[PDB]
Structures are given as structure tokens and as C-alpha cells.
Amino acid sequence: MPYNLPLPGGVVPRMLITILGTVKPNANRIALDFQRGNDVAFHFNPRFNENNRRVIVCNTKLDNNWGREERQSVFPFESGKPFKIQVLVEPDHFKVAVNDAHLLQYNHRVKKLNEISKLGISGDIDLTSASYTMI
């Protein structure tokens, strides 16, 4: 099962979200879901073993349909190891860093950031903490 991080004032530039945890043994997937109503503004989905390969899929869900995926092979997650995911919100994109190192960028497709009221956290991880602050 997952956990939901409420974002009362919605997503706003300068917001920094930090997810601390440990990847479960023989992990299959991890998923962060920034939601706007029934839409998923930003889906960050590390897939550990998809067709015998590790890949990170990012996408947006609108009107119950997923859009064009953005993929990358660099994969900084390992089963059973501690991890830290840091997401910085900029006016133009979500900046994702893993273990204090830039990982990727995802340009905003859903533009009304103020409406993105929560962040779903799911997958094969044990959560230590999931919080946010403004920097």
C-alpha cells in the first residue's frame, strides 16, 4: 500500500519535498504521484525489472489517459538500500535529485500548480519520512 502527503496550498515554486526510506529487497517498482483531482500532474516511476532492464518512466495522466512518456536509463535505486528522493518545484519544472545528486527534470504539463493538492507515494519502499518545506 501507499501513503498520501497532503499539500494544502498546492504545489508552489521553491517547494522542496524530501522522501527518506529504504528500498525493499527484490524491489519491482517505486512511484510518486503528484495529483490534481483525477489527473496525475507528475508520475515518477522507477521500474526495477521491465523486460530485463531498469528504467525510470515519467508521465502525466489527463482525462483518464496517460500522455507521451519521458524515459531514462540512469537508475540510482538498489533493492534493500537506503535512499533519498528530493523534488524541487520550479516555475517551469519538477527537479528530481536522488541521494543529493541531480537525477532528472520534468517540465510542467499541468500548469495550475496550486491545484496539485497531494503527493501519493507507493511501491517497494519502507518510508522513514516524507515531508516538505520552502527554500
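Quick note: we count residues from 1 along the sequence shown, nothing fancier.
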Highest mean C-alpha temperature factor of the two stretches 72-80 and 44-52, which is it? 72-80
On average, are the C-alpha B-factors higher in 102-110 or in 60-68? 60-68
Classify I17 as lowest, middle or highest third according to the C-alpha B-factor given in the PDB entry, relative to its own chain. lowest
Record-listed C-alpha B factor of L127: chain third: highest
Chain thirds of CA B-factor: placement of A31: middle
Sorting by Cα B-factor within the chain, modelled residues only, which third would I116 end up in: lowest, middle or highest? middle
